[PDB]
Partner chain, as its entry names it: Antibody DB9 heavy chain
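Before any questions on how it binds or moves, here is one chain, the form deposited without the partner chain, in structure tokens.
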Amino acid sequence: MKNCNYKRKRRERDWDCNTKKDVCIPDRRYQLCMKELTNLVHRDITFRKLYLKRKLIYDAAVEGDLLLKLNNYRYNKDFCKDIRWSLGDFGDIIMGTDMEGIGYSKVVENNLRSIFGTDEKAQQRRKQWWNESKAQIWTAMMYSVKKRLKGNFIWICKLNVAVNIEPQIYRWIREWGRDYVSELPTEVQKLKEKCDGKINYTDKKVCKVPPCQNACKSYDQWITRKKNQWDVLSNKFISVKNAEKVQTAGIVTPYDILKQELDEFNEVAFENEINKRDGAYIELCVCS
């Protein structure tokens, strides 16, 4: 219920790699609105399928409305992507390929087994259903927008991109890379303000100046979480990419994802940063 009231500030809570040790969960996913999907649960299959779409469409409109509010009611790259990330998570939950499976999520899955059954090809039927309903789900998420631009809404966010099917880990890595480049500049700035330069003619500030040492410890903690998050996500990517058809348009390594989502991406520099051996870090936080 609370998930359908107020979305926490972006990056207020960091990715959680402690619940399921093999996966790293974004706060957005934890807050994914599934009120109706949870509180649900005759013979006719096609009927329940429709009763399902009804509740999903409403949850989608609420989710979309809240993401718009989280974005301070601005139509921009950031809004359109949160819509993608959340649309996809719905898709996986529907297709039984979600990696979270916590608390009320387990319930939602039970209700889905109660609708599509548990037989062999039941999974196939859940895939086709979604592949037939998604464009309407996306439209439902765009309700608050469509409510105001009345038809021009389709020129804000690209439909053909949102509805495109992608493994969950794929999308999460994009979202994570996006969060990483947002945080890095801030964290590095904090560091410079207190650690830039020497304390005498030969020794770096970090050698004696406590405020700097405090800053360096903070950074260490931050970059260490990033290092751990990437490790988990990228290894999950390989794992999942070794257990499916895994034929994607120009995606071989998890780095190729970042190369698509980020500007002038440089993996050598990226690995230097998360392993505390980049030029900035050595200069500021290493006494020798």
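By rigid core we mean the largest C-alpha set that fits within 1.5 Å across both forms. Numbering follows the first chain given and starts at 1.
In what follows, reference is made to the form deposited with the partner chain bound, a form of this protein that is not presented.
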(message) Only one of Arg178, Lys208, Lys192, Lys158 gets a heavy atom within 4.5 Å of the partner chain in the deposited complex. Which one?
(response) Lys192
(request) Indicate whether the partner chain has at least one heavy atom within 4.5 Å of a heavy atom of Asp16 in the deposited complex. (result) no
(message) Residue-level contact is defined here as any heavy atom of the residue lying within 4.5 Å of the partner chain in the deposited complex; does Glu12 satisfy this criterion?
(response) no
(request) Evaluate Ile25 for contact with the partner chain in the deposited complex, applying a 4.5 angstroms cut-off between non-hydrogen atoms, and reply yes or no. (result) no
(request) Spell out, yes or no, whether the shortest heavy atom distance between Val188 and the partner chain in the deposited complex is within 4.5 Å. (result) yes
(request) Kindly indicate whether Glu100, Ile102 and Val108 are, all three, within 4.5 angstroms of the partner chain in the deposited complex, using heavy atoms. (result) no
(request) For the heavy atom contacts within 4.5 Å of the partner chain in the deposited complex, list the residues of 258 to 276 involved, in sequence order. (result) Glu264, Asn266, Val268, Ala269, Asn272, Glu273
(request) Considering only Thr202, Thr118, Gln128, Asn72, single out the residue whose C-alpha is displaced by at least 2 Å between the shown form and the other one after superposing the rigid core. (result) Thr202
(message) Relative to the superposed rigid core, does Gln189 relocate between the shown form and the other one - that is, does its Cα move 2 Å or more?
(response) no
(message) When the rigid core is used for the superposition, does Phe153 move between the shown form and the other one (threshold: C-alpha shift of 2 Å or more)?
(response) yes
